[PDB]
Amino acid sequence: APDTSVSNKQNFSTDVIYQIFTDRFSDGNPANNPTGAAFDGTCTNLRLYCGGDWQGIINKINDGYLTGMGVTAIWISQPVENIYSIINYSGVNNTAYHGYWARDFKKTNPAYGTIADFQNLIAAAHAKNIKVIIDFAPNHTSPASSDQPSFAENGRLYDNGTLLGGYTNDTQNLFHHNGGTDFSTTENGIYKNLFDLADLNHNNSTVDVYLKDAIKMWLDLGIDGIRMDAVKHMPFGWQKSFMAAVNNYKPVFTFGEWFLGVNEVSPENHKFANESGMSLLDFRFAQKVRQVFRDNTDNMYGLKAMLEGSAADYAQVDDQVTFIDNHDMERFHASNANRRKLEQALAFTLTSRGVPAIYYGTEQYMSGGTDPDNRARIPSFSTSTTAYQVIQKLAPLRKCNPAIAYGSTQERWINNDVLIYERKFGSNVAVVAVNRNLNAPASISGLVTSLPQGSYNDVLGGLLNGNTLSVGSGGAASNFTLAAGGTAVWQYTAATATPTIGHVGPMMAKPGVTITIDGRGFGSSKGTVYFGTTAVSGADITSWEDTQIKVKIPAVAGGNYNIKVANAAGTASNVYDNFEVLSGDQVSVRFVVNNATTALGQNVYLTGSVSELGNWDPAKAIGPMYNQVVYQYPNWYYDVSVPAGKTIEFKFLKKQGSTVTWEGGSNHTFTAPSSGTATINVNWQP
């Protein structure tokens, strides 16, 4: 199939995601509605169930709401069974309507539906070319109180009906008993509880294996992708071992939530996105769009900077999921604000790099503050709004104009209020003009583009006061006026003759797994695929089309590799870098080093004999290690993904800047478990 097909679970770059709070969308089946005090059919009390379910979703899919908008993927609430208690938080009653309070990951939330309803959801969606994504929140179970076991469900965890354990009397040590996090450090926010939610302990084999098996069930149920919750609150290595579990089984596009505030830029965040095996929700993008288009606390220069910086910081920028709002922020649209702000922000997002996500109700101009105010019931299914139409005209370009789906981004004109950028990929171009100034038009002269000579109509048809563009020789546009609040899209598409790789997924897996290479100009004849210098051709290439190639990872050593393709005539493509070949299936192992004292600004790191440990390359060592919570300085620890059942040699190092100090003696050694987790405790050798 082509890169654009509903069946492509590895690439969402050509899609438009619609984020839905199941409960708050559409109650298509009143029979599964909770009853009594857990339910409010008026949906006036935003903390209770309103009754929205899978059936309702199916209904809106079939009646043209979503399809008419141009939406091609839906992201829904965590489908697993949640706790049934009503929690009174100081007078107020709270239900698990949101789906973040898991009790059993192997069952469904009966208020959403049955497994059968789930299967129907998948079917109907797929039938309409819509991919399905689900939320998955393995960091915890539910709100618990260790000495008030009667509170809620004591964070009880069940394995398909079987009680595994509770927060009180956790002799198995299924959970963390370190208190609550103050969000003070990253380590602090991982090994302590989030609020009162029972923190799952991923270092417990039971827990480890359980979750890895649970996700497989959903995978087998046909999902298209996963949205991981609280990735910043779980161990990095564990998560990587989790991703490996998914990828080495049935890969699907996965993205996690790592909250970023205004003006916040985190290197931990970049590294995580670049190395864990998953991508992230683009908070950096969201926050910046809001400052510029919403709160006017930054200008075009700021947007520009975010665009260029993010492209340099994320190895795969096109995999970051963009948005203007979601369940954790107040609604972009403010009661009294000018609607054109929302419309422009939408237009901007839909035509920018990454994977756009639209929070349900945006198209309806919903307003609301933070939780739960931003989780109201969609007031209507009218296609008559301007926002609905904007989406409707733009979403589809992601599928038909690869410049939008995979192109580079380049500023062509700019001022405080205006931004003109160009997207480009192969013989395809898109040019977007945005004028945030709601009161002043702008005089656009000197605009140069890659568009061929001719006249271009605004793809928005003037909907946001866009105009026509006139390109002369050299791609120079003649002068024009960009209306106040003006937004225009111009484009050019043509066949690409040379092989051009636009995307690859998954980005990390063991030899033998099939990966998907998307782009253009591959031709219809099987060519060759290179992993570094290794050539792959023939049978291992399971499928070859002009826009997509499916190939099995050869059995090469674990490491990072560049991917390139050559058509049947031998013409080579551009390189796609950062592909990770695992050394095999992975397990999560905790490394502990005793008495490794350091000087200020000096941290301990881990290295070793396998690619997963950097192959003795200090520039690729794991760390810095932690030393506050689980173990205390001068003892250090860290959770790491490693090849299962392998005998590994390793050493620790003290790094300062790029200056490194090695542990003395000889390599420590160990053999990874075959499954489950393990803990290796050693002393630092001077």
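From 1 onward, residues are counted along the sequence shown.
On average the C-alpha atoms of 93 to 101 have higher B-factors than those of the other stretch, with 93 to 101 and 414 to 422 being the two compared.
In this entry, 465 to 473 shows the higher mean Cα temperature factor of the pair 353 to 361 and 465 to 473. As recorded in the PDB entry, 170 shows the highest C-alpha B-factor of the residues 81, 170, 518, 319. Within the listed group 533, 498, 279, 72, the record reports its top CA B-factor for 498. The entry lists a Cα temperature factor for residue 377 that places it in the middle third of the chain's modelled residues. In the deposited entry, the Cα temperature factor of residue 614 places it in the lowest third of its chain's modelled residues. Residue 648: CA B factor lies in the highest third for its chain, per the PDB record. For residue 669, the recorded CA temperature factor ranks within the highest third of the chain's modelled residues. Among the modelled residues of its chain, residue 458 has a C-alpha B-factor that falls in the lowest third according to the deposited record.
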